[PDB]
There are 2 protein chains.
Amino acid sequence: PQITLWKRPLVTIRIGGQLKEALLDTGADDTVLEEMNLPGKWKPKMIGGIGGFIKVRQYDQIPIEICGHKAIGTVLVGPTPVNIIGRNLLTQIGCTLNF
Amino acid sequence: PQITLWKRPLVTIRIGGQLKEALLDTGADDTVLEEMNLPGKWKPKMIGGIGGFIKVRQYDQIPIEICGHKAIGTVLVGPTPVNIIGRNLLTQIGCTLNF
Ligand SMILES: COc1ccc(S(=O)(=O)N(CC2CCCCC2)C[C@@H](O)[C@H](Cc2ccccc2)NC(=O)c2cccc(O)c2)cc1
């Protein structure tokens, strides 16, 4: 679809048979989800945002269906204010900015 | 134009006699610029993201040129690591997400 920006670009994603709302975030390098349980080995990681650095858990090769489009990639889990879909997966679903 | 997301969506913006590189950021409600001594009235504000909150100065009705598109609106000025063009100005240059 085409998504305008007068409202937050929130979409439904499917991860582990759970539906969640996530924000399409072109300013985010990474995909970062609020506290949740995911299967597999994780590696501790640190990432930086506007307010400083946080600790997150890195899960690789995780499938997510973003608004009907399939991705399989790195998902970070941690204390993000909102679930965000970043560039690593935006590229997988063929998302571009247009004006 | 169409901007892919393989790399950070950085573009040239103009605010007075300052050209700067800024992120076209669909995850940002508002525009946040690195510290600069803009003229006129402002109000203090706190904004939050990954890592917590920072203190900014909100300036209203500031003209910005973004990739040669004209915009005018609210700009938040403070100790951000990166210049951020938020949805308030993205809608004004006609910016959409497409996939
Ligand atoms: C109200 O206006 C706002 C409020 C918040 C923000 S925000 O910047 O915090 N922010 C708002 C978001 C924050 C997360 C939850 C939803 C709200 C915009 C976001 O795109 C930032 C941009 C960014 C990039 C690099 C360094 C610092 C910031 N990305 C990131 O925080 C980010 C960058 C690179 C890697 C990464 O893992 C995350 C912007 C405008």
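Counting convention: from 1, in listed order, for ligands and their atoms alike. Just so it is clear: chains get the letters A, B, ... in the order the sequence lines come, proteins before strands, and each one is counted from 1.
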N or O contacts of ligand 1 with protein under 3.5 Å, please list pair by pair.
unit_1, atom_1, unit_2, atom_2, d
ligand 1, 2 (O), B:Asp30, N, 3.3
ligand 1, 20 (O), A:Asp25, OD1, 2.6
ligand 1, 20 (O), A:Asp25, OD2, 3.3
ligand 1, 20 (O), B:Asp25, OD1, 2.9
ligand 1, 20 (O), B:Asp25, OD2, 2.5
ligand 1, 29 (N), A:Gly27, O, 3.2
ligand 1, 37 (O), A:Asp30, OD2, 3.0

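Looking only at side-chain heavy atoms (C-beta outward), A:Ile47 and A:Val32 come within less than 4.5 Å of each other.
Heavy-atom contacts from other residues, nucleotides or ligands closer than 6.0 Å to CD of B:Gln2 number more than 12. Remark: B:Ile72 CD1 is packed, more than 12 non-hydrogen atoms of other residues, nucleotides or ligands lying under 6.0 Å away.
Nearest heavy-atom pair across A:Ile50 and B:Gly52 is CG2-O, 4.1 Å.
Here B:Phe99 pairs with A:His69 under the ring-ring contact (aromatic ring centres under 6.0 Å, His included) rule; sequence neighbours left out.
Under the 3.5 Å distance criterion, with hydrogens and angles disregarded, a donor-acceptor pair is assigned to the side chains of B:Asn88 and B:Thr31.
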